[PDB]
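One chain is shown next in structure tokens, namely the form deposited in one PDB entry.
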């Protein structure tokens, strides 16, 4: 018997050149929004993060993949929407730092405490705070952590690791850069070792590389981290076939999927933007990445599999899904990569909403940790940074610009950005909120203490 509505179609409803033809609405929305509002408990939460997916990125991806008056059946379909702030803190002064990195922002929603750029799961005093995943597990809920990034990267790592620098992937980086955290120094360990201790029911991503490192101390000293996971009873999987053979995931047999050495394959290929690229180079049509095939699960497939396995828990589950970006160095300023990454997340969102609509007790939240610096500019633009012309689904040219930095490691900005939600307690993302409110929203929705 009918659940809360997901937005079915907010594409332009007609001929965009005619009066009323670009409308996305067909009538009054007051009843629809009423029907979207419930304060019943959330049994499950699915949190989907698009790396750099601020409003500009969503718009550009829509323009390219769906056309300007098109509609992302995942990303655009959430009925309750707001804007949230994600400033970090200066470690020394405690004053706002207007432009966060991925680590401080993931720390904020996962713990409810602001922190300094580069911190995971700790505050500006380097004190550990519990994460929403740890708390969900302690309350008897199943837990999932899914990303197309290496699993040691900030977004997934923040759910399961407490370290003073996001660089602390394995034992060697930790001994050097976070000596207070190093296992041999009485610390909780590297990000990978702490992930293994956290023992979520389902962990799926890239990052096999670090598992080749050996532990410096503890029960599994001298064993590779892969050997340690094996010894501690994880089901290790490495491709789509081995993932699909998994029939259950729980504390006795926790699932750890390592699908790439570093990050998983980008969906779409295209050239790096160049100086006056929209003027001096032909318009670009993105191409499918050959590395992307049925042997490597997609974000949407990993999401579906996680939902399948976690939904067996009768108490409920918490799942985080990250559509990560490979957006630095040779890979910075790549519209095709960045748009394809958003399309990937859209598919995963559709899987999440399809489940949530049927199940009826699931809160789905879709946002970004911080926004990419890409801008949509006029077709004839002469811009001082990097630009590219693209052939969109509309059969028109869109130009994207990257003008925030002359170096190719600063890819994000301080702008507040869209947060959207569906299901019980979704009212809590509407209007202006802070990224730290997201922690408290999730905590309260699941009834965690």
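Numbering follows the first chain given and starts at 1.
We do not show the form deposited with a partner chain bound, though everything after this point is about it.
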item: Exercise: residue 116 in contact with its partner chain in the deposited bound form, heavy atom 4.5 Å; value: yes
item: Distance check, residue 165 to its partner chain in the deposited bound form, heavy atom within 4.5 Å; value: yes
item: Partner contact for residue 232 in the deposited bound form: its partner chain, 4.5 angstroms, heavy atom; value: no
item: Residue 328 within 4.5 Å of its partner chain in the deposited bound form, heavy atoms; value: yes
item: One residue of 344, 101, 304, 150 in contact with its partner chain, assessed in the deposited bound form (non-hydrogen atom, 4.5 angstroms); value: 101
item: Whether 245, 351 and 358 all lie within 4.5 angstroms of its partner chain in the deposited bound form by heavy atom; value: no
